[PDB]
Amino acid sequence: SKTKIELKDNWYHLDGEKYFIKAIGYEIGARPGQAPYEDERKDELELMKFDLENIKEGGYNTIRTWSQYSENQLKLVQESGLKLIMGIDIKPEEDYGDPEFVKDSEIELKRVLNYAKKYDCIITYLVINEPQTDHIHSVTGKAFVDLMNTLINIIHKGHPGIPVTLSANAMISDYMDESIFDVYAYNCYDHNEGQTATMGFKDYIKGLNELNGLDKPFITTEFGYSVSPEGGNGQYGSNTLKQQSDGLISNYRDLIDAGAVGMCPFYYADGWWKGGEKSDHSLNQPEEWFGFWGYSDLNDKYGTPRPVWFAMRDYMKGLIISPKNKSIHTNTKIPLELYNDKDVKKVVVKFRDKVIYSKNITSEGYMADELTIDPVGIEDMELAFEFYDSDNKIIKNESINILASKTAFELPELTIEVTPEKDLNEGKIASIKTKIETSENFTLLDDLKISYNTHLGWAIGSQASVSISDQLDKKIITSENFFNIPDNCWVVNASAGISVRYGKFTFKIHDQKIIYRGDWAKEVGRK
């Protein structure tokens, strides 16, 4: 009777049915005045009942955590009907190679699994969160990989059938091999800097998925925006409520477009502890203002949803997986993939105010179909989707923008050559040489960007904007930019990118190279 989980065609299947994970990040024990990593462990069942009910009403089918629940907490989640992506508290800053830290991790995990195995609401284990690049270099990647392998095997034995992965951050662990895990996963934030400035959000994360080999399901384990009054820099911190809402919707679309089949927006509610003073809501700490819910004051245990909550609820009712936004098609047949909740009874697709598709939905969840189009030459197309309830009232609009032709056609192409090319030990100074092959009706925007991201903590390293106004009409456009290589840079992501337009369709062309210092990453790095 227990849930059968099957991974195929890069989807999770639950009991034979494709299942799009609509999760939210959720941290119990983090109300004003509380600190979940220092308090004595408490089940907090009354507050969890409140939370799980709100999360069901917000439209989510899953919760994502960073720490083990007790058996009593699992029972409550089980009863709720929600699924669970359970995080294990393996401290990221500890020495993975210390025999005693490994042993203590093995014992704690086995203790959890001993009771957790009897709760089939658990659909994925996350064995660690955001291990830092310098730390791994410091304790050696071999130690990191060995630790991952121990934890994976323990879980495969102790709770059979449950996928295992980790919440690695995409901006700092782009280099990392994930093929030992059952599922590819990343914390993915879009601040439009470094990799997300050159490639865009969609294409950056899409690129990582392609490097990983498109052979397993991909899920996001975090994404979002902080509404702190002050602090941080750029889009990290200091967003308005509206920017938070619009940002979440933008991220949801982009990450589906990158190939994801599971989503864990960040997160349910603010954690005042995250900035140092747990009884104070600090005006200038971004980390304390990521919630979809906010508290009025220190004695408020309930709080209130911010605008993002309602935007996300309304948006999640009918998800478009295919076609993808900013996708390019050389065929008259366009695959259609939707994941609908039970309120969706009709879907319509229009182009230039003409119906091109119309189906009554008999059955909630995943469905697949095909569109026919008839593009003249190359045509940018805004496909306008409409979702209807049982009263035949529209409940969601969403556009998918595609570029299509019956026949294949030439795109403009950007490639880079990087120095040093393979080994950062071979020089103290780097270059990125950029080459852009133009193409007739693909207008470049004067927005060429270059990133040499040296992976020093969260710092994104050097970034350059290069004007190409002088080279507009030329067939090949080139640039050469130089960067000093820090001695303690162990890996660099070198990238460049520029915006292209055909009609109303705007996209980015780009290239990316990941380059190591010496052989430190022979174990941990992607083959």
# chains A, B, ... in the order shown; residues from 1 in each chain; ligands from 1
call {"tool": "residues_around", "arguments": {"residues": "residue A:205", "least_positions_apart": "3", "cutoff": "12 Å", "atoms": "only C-alpha atoms", "output": "count of residues only"}}
result
35
call {"tool": "residues_around", "arguments": {"residues": "residue A:194", "least_positions_apart": "2", "cutoff": "6 Å", "atoms": "only C-alpha atoms", "output": "PyMOL selection string"}}
result
chain A and resi 196-197+451+460
call {"tool": "select_by_dssp", "arguments": {"residues": "stretch 19-106 of chain A", "states": "alpha helix (DSSP H)", "output": "PyMOL selection string"}}
result
chain A and resi 45-57+71-80+99-106
call {"tool": "closest_atom_pairs", "arguments": {"of": "stretch 19-62 of chain A", "to": "stretch 80-101 of chain A", "cutoff": "12 Å", "atoms": "only C-alpha atoms", "output": "tab-separated table"}}
result
residue	atom	partner	partner_atom	distance
A:19	CA	A:83	CA	11.1
A:20	CA	A:83	CA	11.6
A:21	CA	A:83	CA	8.8
A:22	CA	A:83	CA	9.5
A:23	CA	A:83	CA	8.3
A:24	CA	A:85	CA	9.7
A:25	CA	A:85	CA	9.1
A:26	CA	A:85	CA	10.1
A:27	CA	A:87	CA	10.6
A:36	CA	A:89	CA	11.4
A:37	CA	A:89	CA	9.5
A:45	CA	A:80	CA	11.9
A:48	CA	A:80	CA	10.1
A:49	CA	A:80	CA	8.3
A:50	CA	A:80	CA	10.8
A:51	CA	A:80	CA	10.5
A:52	CA	A:80	CA	6.9
A:53	CA	A:80	CA	7.7
A:54	CA	A:80	CA	11.0
A:55	CA	A:82	CA	8.9
A:56	CA	A:82	CA	7.5
A:57	CA	A:82	CA	11.4
A:59	CA	A:82	CA	10.7
A:60	CA	A:82	CA	8.0
A:61	CA	A:82	CA	5.3
A:62	CA	A:83	CA	4.4
call {"tool": "write_last_selection", "arguments": {"atoms": "N, CA, C and O atoms", "output": "JSON list (two decimals), in the first residue's frame"}}
result
[["chain", "number", "residue", "atom", "x", "y", "z"],
["A", 19, "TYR", "N", 4.37, 13.36, -11.12],
["A", 19, "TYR", "CA", 4.04, 14.20, -9.98],
["A", 19, "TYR", "C", 4.99, 15.38, -9.92],
["A", 19, "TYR", "O", 6.17, 15.21, -9.61],
["A", 20, "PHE", "N", 4.46, 16.57, -10.24],
["A", 20, "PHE", "CA", 5.21, 17.81, -10.18],
["A", 20, "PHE", "C", 5.22, 18.26, -8.72],
["A", 20, "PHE", "O", 4.17, 18.48, -8.14],
["A", 21, "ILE", "N", 6.41, 18.40, -8.13],
["A", 21, "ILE", "CA", 6.53, 18.75, -6.73],
["A", 21, "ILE", "C", 6.33, 20.26, -6.58],
["A", 21, "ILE", "O", 7.15, 21.08, -7.03],
["A", 22, "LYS", "N", 5.23, 20.62, -5.92],
["A", 22, "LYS", "CA", 4.92, 22.01, -5.61],
["A", 22, "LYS", "C", 5.13, 22.25, -4.12],
["A", 22, "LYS", "O", 4.18, 22.29, -3.35],
["A", 23, "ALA", "N", 6.41, 22.39, -3.75],
["A", 23, "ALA", "CA", 6.79, 22.50, -2.35],
["A", 23, "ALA", "C", 6.95, 23.97, -1.96],
["A", 23, "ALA", "O", 6.97, 24.86, -2.81],
["A", 24, "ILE", "N", 7.05, 24.18, -0.64],
["A", 24, "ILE", "CA", 7.54, 25.42, -0.07],
["A", 24, "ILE", "C", 8.53, 25.04, 1.03],
["A", 24, "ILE", "O", 8.32, 24.05, 1.72],
["A", 25, "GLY", "N", 9.59, 25.84, 1.17],
["A", 25, "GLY", "CA", 10.51, 25.71, 2.28],
["A", 25, "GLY", "C", 9.80, 26.08, 3.58],
["A", 25, "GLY", "O", 9.06, 27.05, 3.61],
["A", 26, "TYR", "N", 10.05, 25.29, 4.63],
["A", 26, "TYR", "CA", 9.31, 25.41, 5.88],
["A", 26, "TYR", "C", 10.22, 25.10, 7.07],
["A", 26, "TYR", "O", 10.77, 23.99, 7.16],
["A", 27, "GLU", "N", 10.32, 26.07, 7.99],
["A", 27, "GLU", "CA", 11.19, 25.97, 9.15],
["A", 27, "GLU", "C", 10.39, 26.23, 10.42],
["A", 27, "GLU", "O", 10.16, 27.40, 10.79],
["A", 36, "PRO", "N", 16.03, 27.87, 16.00],
["A", 36, "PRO", "CA", 15.86, 26.43, 15.83],
["A", 36, "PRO", "C", 17.13, 25.60, 16.02],
["A", 36, "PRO", "O", 17.03, 24.41, 16.28],
["A", 37, "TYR", "N", 18.32, 26.21, 15.94],
["A", 37, "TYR", "CA", 19.57, 25.46, 16.04],
["A", 37, "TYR", "C", 20.21, 25.60, 17.42],
["A", 37, "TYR", "O", 21.34, 25.16, 17.63],
["A", 45, "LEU", "N", 3.69, 20.98, 17.98],
["A", 45, "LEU", "CA", 2.65, 20.40, 17.15],
["A", 45, "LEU", "C", 1.51, 21.37, 16.88],
["A", 45, "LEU", "O", 0.94, 21.33, 15.79],
["A", 48, "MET", "N", 2.53, 23.73, 14.21],
["A", 48, "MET", "CA", 2.67, 23.01, 12.95],
["A", 48, "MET", "C", 1.31, 22.76, 12.31],
["A", 48, "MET", "O", 1.19, 22.88, 11.10],
["A", 49, "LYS", "N", 0.30, 22.39, 13.11],
["A", 49, "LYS", "CA", -1.06, 22.24, 12.59],
["A", 49, "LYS", "C", -1.50, 23.52, 11.88],
["A", 49, "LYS", "O", -2.08, 23.45, 10.81],
["A", 50, "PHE", "N", -1.23, 24.68, 12.48],
["A", 50, "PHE", "CA", -1.58, 25.96, 11.88],
["A", 50, "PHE", "C", -0.86, 26.12, 10.53],
["A", 50, "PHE", "O", -1.49, 26.41, 9.53],
["A", 51, "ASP", "N", 0.46, 25.86, 10.54],
["A", 51, "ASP", "CA", 1.32, 26.04, 9.38],
["A", 51, "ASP", "C", 0.93, 25.12, 8.23],
["A", 51, "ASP", "O", 0.75, 25.58, 7.10],
["A", 52, "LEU", "N", 0.80, 23.82, 8.50],
["A", 52, "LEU", "CA", 0.49, 22.85, 7.46],
["A", 52, "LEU", "C", -0.88, 23.16, 6.85],
["A", 52, "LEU", "O", -1.05, 23.01, 5.65],
["A", 53, "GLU", "N", -1.85, 23.61, 7.65],
["A", 53, "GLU", "CA", -3.14, 23.99, 7.10],
["A", 53, "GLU", "C", -2.95, 25.20, 6.17],
["A", 53, "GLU", "O", -3.47, 25.19, 5.07],
["A", 54, "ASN", "N", -2.18, 26.21, 6.58],
["A", 54, "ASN", "CA", -2.00, 27.37, 5.74],
["A", 54, "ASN", "C", -1.33, 26.98, 4.42],
["A", 54, "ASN", "O", -1.72, 27.47, 3.36],
["A", 55, "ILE", "N", -0.36, 26.07, 4.50],
["A", 55, "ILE", "CA", 0.44, 25.68, 3.35],
["A", 55, "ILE", "C", -0.43, 24.91, 2.36],
["A", 55, "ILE", "O", -0.29, 25.10, 1.17],
["A", 56, "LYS", "N", -1.32, 24.04, 2.84],
["A", 56, "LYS", "CA", -2.28, 23.38, 1.96],
["A", 56, "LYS", "C", -3.17, 24.42, 1.26],
["A", 56, "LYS", "O", -3.38, 24.33, 0.05],
["A", 57, "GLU", "N", -3.63, 25.44, 1.99],
["A", 57, "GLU", "CA", -4.52, 26.47, 1.45],
["A", 57, "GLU", "C", -3.79, 27.40, 0.49],
["A", 57, "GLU", "O", -4.42, 28.06, -0.35],
["A", 59, "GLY", "N", -1.73, 26.27, -1.70],
["A", 59, "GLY", "CA", -1.72, 25.53, -2.94],
["A", 59, "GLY", "C", -0.57, 24.52, -3.06],
["A", 59, "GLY", "O", -0.43, 23.90, -4.10],
["A", 60, "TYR", "N", 0.24, 24.35, -2.01],
["A", 60, "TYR", "CA", 1.44, 23.51, -2.06],
["A", 60, "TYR", "C", 1.03, 22.07, -1.80],
["A", 60, "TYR", "O", 0.05, 21.85, -1.12],
["A", 61, "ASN", "N", 1.79, 21.11, -2.34],
["A", 61, "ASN", "CA", 1.56, 19.70, -2.07],
["A", 61, "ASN", "C", 2.70, 19.09, -1.24],
["A", 61, "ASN", "O", 2.64, 17.91, -0.90],
["A", 62, "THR", "N", 3.75, 19.87, -0.96],
["A", 62, "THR", "CA", 4.96, 19.35, -0.32],
["A", 62, "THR", "C", 5.58, 20.43, 0.56],
["A", 62, "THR", "O", 5.35, 21.62, 0.34]]
call {"tool": "atom_distance", "arguments": {"atom1": "atom CA of residue A:247", "atom2": "atom CA of residue A:18"}}
result
27.2 Å
call {"tool": "residues_around", "arguments": {"residues": "residue A:374", "least_positions_apart": "5", "cutoff": "12 Å", "atoms": "only C-alpha atoms", "output": "PyMOL selection string"}}
result
chain A and resi 329-334+351+356+379-381+403-407
call {"tool": "residues_around", "arguments": {"residues": "residue A:156", "least_positions_apart": "3", "cutoff": "12 Å", "atoms": "only C-alpha atoms", "output": "number ranges by chain"}}
result
A: 109-110, 113, 117, 124-125, 149-153, 159-165, 181-182
call {"tool": "residues_around", "arguments": {"residues": "stretch 473-479 of chain A", "least_positions_apart": "4", "cutoff": "10 Å", "atoms": "only C-alpha atoms", "output": "tab-separated table (two decimals) with N, CA, C and O atoms, in the first residue's frame"}}
result
chain	number	residue	atom	x	y	z
A	412	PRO	N	22.50	33.78	-34.28
A	412	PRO	CA	23.79	34.32	-33.87
A	412	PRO	C	24.35	33.47	-32.74
A	412	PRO	O	23.60	32.89	-31.95
A	413	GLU	N	25.68	33.38	-32.69
A	413	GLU	CA	26.36	32.47	-31.80
A	413	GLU	C	27.48	33.21	-31.09
A	413	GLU	O	28.21	33.98	-31.71
A	414	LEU	N	27.59	32.99	-29.77
A	414	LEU	CA	28.67	33.53	-28.97
A	414	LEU	C	29.50	32.39	-28.41
A	414	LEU	O	28.94	31.49	-27.79
A	415	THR	N	30.82	32.46	-28.62
A	415	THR	CA	31.78	31.54	-28.02
A	415	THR	C	32.91	32.34	-27.38
A	415	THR	O	33.17	33.47	-27.80
A	416	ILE	N	33.57	31.74	-26.37
A	416	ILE	CA	34.70	32.36	-25.69
A	416	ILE	C	35.88	31.39	-25.68
A	416	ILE	O	35.71	30.17	-25.67
A	432	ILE	N	39.47	36.54	-21.06
A	432	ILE	CA	38.38	35.99	-21.83
A	432	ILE	C	38.34	36.68	-23.19
A	432	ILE	O	38.14	37.89	-23.25
A	433	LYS	N	38.52	35.89	-24.25
A	433	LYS	CA	38.34	36.35	-25.63
A	433	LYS	C	36.94	35.99	-26.10
A	433	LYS	O	36.61	34.81	-26.17
A	434	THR	N	36.14	37.00	-26.44
A	434	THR	CA	34.77	36.77	-26.87
A	434	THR	C	34.66	36.91	-28.39
A	434	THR	O	35.23	37.82	-28.95
A	435	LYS	N	33.91	36.00	-29.01
A	435	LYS	CA	33.59	36.06	-30.43
A	435	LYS	C	32.08	35.90	-30.64
A	435	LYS	O	31.49	34.92	-30.18
A	436	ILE	N	31.48	36.83	-31.39
A	436	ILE	CA	30.06	36.82	-31.71
A	436	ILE	C	29.89	36.78	-33.22
A	436	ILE	O	30.23	37.76	-33.87
A	437	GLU	N	29.34	35.68	-33.76
A	437	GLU	CA	28.94	35.64	-35.16
A	437	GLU	C	27.54	36.22	-35.30
A	437	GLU	O	26.61	35.64	-34.77
A	438	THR	N	27.40	37.35	-35.99
A	438	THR	CA	26.10	37.97	-36.18
A	438	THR	C	25.30	37.15	-37.18
A	438	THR	O	25.83	36.25	-37.83
A	439	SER	N	24.01	37.47	-37.28
A	439	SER	CA	23.10	36.81	-38.20
A	439	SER	C	22.06	37.84	-38.64
A	439	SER	O	21.53	38.55	-37.80
A	440	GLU	N	21.80	37.90	-39.95
A	440	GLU	CA	20.85	38.87	-40.56
A	440	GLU	C	19.84	39.49	-39.59
A	440	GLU	O	20.12	40.59	-39.07
A	448	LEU	N	26.79	43.70	-23.90
A	448	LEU	CA	27.69	42.56	-23.76
A	448	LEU	C	28.26	42.55	-22.34
A	448	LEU	O	28.73	43.59	-21.88
A	450	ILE	N	30.65	40.26	-19.30
A	450	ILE	CA	31.72	39.30	-19.08
A	450	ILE	C	31.83	39.04	-17.58
A	450	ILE	O	31.81	40.00	-16.82
A	466	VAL	N	30.86	45.73	-21.86
A	466	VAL	CA	31.64	46.10	-23.03
A	466	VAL	C	30.70	46.64	-24.10
A	466	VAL	O	29.76	45.96	-24.49
A	467	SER	N	30.94	47.87	-24.55
A	467	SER	CA	30.17	48.47	-25.62
A	467	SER	C	30.59	47.83	-26.94
A	467	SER	O	31.77	47.56	-27.12
A	468	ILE	N	29.62	47.59	-27.82
A	468	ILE	CA	29.91	47.10	-29.15
A	468	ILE	C	29.27	48.02	-30.19
A	468	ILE	O	29.01	47.58	-31.30
A	469	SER	N	29.04	49.28	-29.82
A	469	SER	CA	28.45	50.26	-30.73
A	469	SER	C	29.34	50.48	-31.96
A	469	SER	O	28.84	50.70	-33.06
call {"tool": "atom_distance", "arguments": {"atom1": "atom CA of residue A:498", "atom2": "atom CA of residue A:446"}}
result
7.7 Å
call {"tool": "atom_distance", "arguments": {"atom1": "atom CA of residue A:228", "atom2": "atom CA of residue A:31"}}
result
16.7 Å
call {"tool": "residues_around", "arguments": {"residues": "residue A:429", "least_positions_apart": "4", "cutoff": "7 Å", "atoms": "only C-alpha atoms", "output": "PyMOL selection string"}}
result
chain A and resi 483-485
call {"tool": "closest_residue", "arguments": {"among": "A:347, A:35, A:336, A:373", "to": "residue A:322", "atoms": "only C-alpha atoms"}}
result
A:336
call {"tool": "select_by_dssp", "arguments": {"residues": "stretch 231-377 of chain A", "states": "strand (DSSP E)", "output": "ChimeraX atom specification"}}
result
/A:262-263,293-294,304-305,318-322,327-329,333-340,346-351,354-360,365-372
call {"tool": "residues_around", "arguments": {"residues": "residue A:319", "least_positions_apart": "5", "cutoff": "7 Å", "atoms": "only C-alpha atoms", "output": "count of residues only"}}
result
3
call {"tool": "closest_residue", "arguments": {"among": "A:325, A:67, A:372, A:358", "to": "residue A:386", "atoms": "only C-alpha atoms"}}
result
A:358
call {"tool": "decode", "arguments": {"residues": "stretch 276-293 of chain A", "atoms": "N, CA, C and O atoms", "output": "CSV table (one decimal), in the first residue's frame"}}
result
chain,number,residue,atom,x,y,z
A,276,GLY,N,21.0,37.3,13.9
A,276,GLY,CA,21.8,37.3,15.1
A,276,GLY,C,21.0,37.6,16.4
A,276,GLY,O,21.3,36.9,17.4
A,277,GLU,N,20.1,38.5,16.4
A,277,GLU,CA,19.3,38.8,17.5
A,277,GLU,C,17.9,38.2,17.3
A,277,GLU,O,17.1,38.7,16.4
A,278,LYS,N,17.5,37.2,18.0
A,278,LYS,CA,16.3,36.4,17.7
A,278,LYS,C,15.0,37.1,18.2
A,278,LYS,O,13.9,36.8,17.7
A,279,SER,N,15.1,38.1,19.1
A,279,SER,CA,14.0,38.8,19.6
A,279,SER,C,13.8,40.2,18.9
A,279,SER,O,13.0,41.0,19.3
A,280,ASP,N,14.6,40.4,17.9
A,280,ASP,CA,14.7,41.7,17.2
A,280,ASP,C,14.5,41.4,15.7
A,280,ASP,O,15.2,40.5,15.1
A,281,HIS,N,13.7,42.3,15.0
A,281,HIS,CA,13.6,42.2,13.6
A,281,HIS,C,14.4,43.3,13.0
A,281,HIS,O,14.0,44.4,12.8
A,282,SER,N,15.7,42.9,12.6
A,282,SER,CA,16.7,43.9,12.3
A,282,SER,C,16.4,44.5,10.9
A,282,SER,O,16.1,43.8,10.0
A,283,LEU,N,16.5,45.9,10.9
A,283,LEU,CA,16.0,46.6,9.7
A,283,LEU,C,17.0,46.3,8.5
A,283,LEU,O,16.5,46.4,7.3
A,284,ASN,N,18.2,45.8,8.7
A,284,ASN,CA,19.2,45.8,7.7
A,284,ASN,C,19.8,44.4,7.5
A,284,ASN,O,20.9,44.3,6.9
A,285,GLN,N,19.1,43.4,7.9
A,285,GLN,CA,19.5,42.0,7.7
A,285,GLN,C,18.6,41.3,6.7
A,285,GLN,O,17.6,40.8,7.0
A,286,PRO,N,19.0,41.2,5.4
A,286,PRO,CA,18.2,40.5,4.4
A,286,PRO,C,17.7,39.1,4.8
A,286,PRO,O,16.6,38.7,4.5
A,287,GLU,N,18.6,38.4,5.6
A,287,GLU,CA,18.2,37.0,5.9
A,287,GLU,C,17.0,36.9,6.7
A,287,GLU,O,16.4,35.8,6.7
A,288,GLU,N,16.5,37.9,7.4
A,288,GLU,CA,15.4,37.9,8.3
A,288,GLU,C,14.1,38.3,7.6
A,288,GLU,O,13.1,38.5,8.3
A,289,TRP,N,14.1,38.4,6.3
A,289,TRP,CA,12.9,38.9,5.6
A,289,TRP,C,12.6,38.2,4.3
A,289,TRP,O,12.1,38.8,3.3
A,290,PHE,N,12.8,36.8,4.3
A,290,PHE,CA,12.6,36.1,3.1
A,290,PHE,C,11.2,35.4,3.1
A,290,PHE,O,10.8,34.8,2.1
A,291,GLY,N,10.4,35.5,4.2
A,291,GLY,CA,9.2,34.8,4.3
A,291,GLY,C,8.1,35.3,3.3
A,291,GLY,O,8.0,36.5,2.9
A,292,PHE,N,7.2,34.4,3.0
A,292,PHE,CA,5.9,34.7,2.4
A,292,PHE,C,4.9,35.3,3.4
A,292,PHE,O,4.0,36.0,3.1
A,293,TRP,N,5.2,35.0,4.7
A,293,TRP,CA,4.5,35.5,5.9
A,293,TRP,C,5.4,36.3,6.7
A,293,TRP,O,6.6,36.0,6.9
